[PDB]
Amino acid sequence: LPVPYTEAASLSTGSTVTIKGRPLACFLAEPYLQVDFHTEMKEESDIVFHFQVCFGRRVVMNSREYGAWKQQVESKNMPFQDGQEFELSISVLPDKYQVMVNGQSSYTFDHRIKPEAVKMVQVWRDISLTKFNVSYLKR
């Protein structure tokens, strides 16, 4: 899959975004992974959910609203494993996103903007990607 990876998308309660991929360097090099849920197809559009991994160090989550970054949430939780493929599953719950890493609940982020505002998902920085899916099974 090409990285940066972009897909038009819609989200609501019950939606799951599944990403399978792979850092491009060992953790000692501090590769990054970024997943952004955008309100428009344009990359300068607002970001309802920003998820940024500095592999082996930290994760930051935030939103970008009317062009400006808001209060970041910083986590030191690091379930990702050096040199390994990862499977990332972001579920849209009524009150928050829930982020699973290799099947383990690892982060959550309460909705600041309704998920129905999302029109695009971008996955980029220092990863390769073998799978991307947005589920569309629920009303």
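One-based numbering along the sequence shown.
Comparing 118 to 126 with 19 to 27, the stretch with the higher mean C-alpha B-factor in the PDB entry is 19 to 27. Higher mean CA B-factor, judged across 77 to 85 and 92 to 100 from the recorded values: 77 to 85.
When the C-alpha B factors of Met41, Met61, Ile47, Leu33 are read from the deposited coordinates, the top value falls at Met41.
Ranked by C-alpha B-factor against the other modelled residues of its chain, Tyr66 falls in the highest third. The deposited CA B-factor of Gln72 belongs to the highest third of values across its chain.
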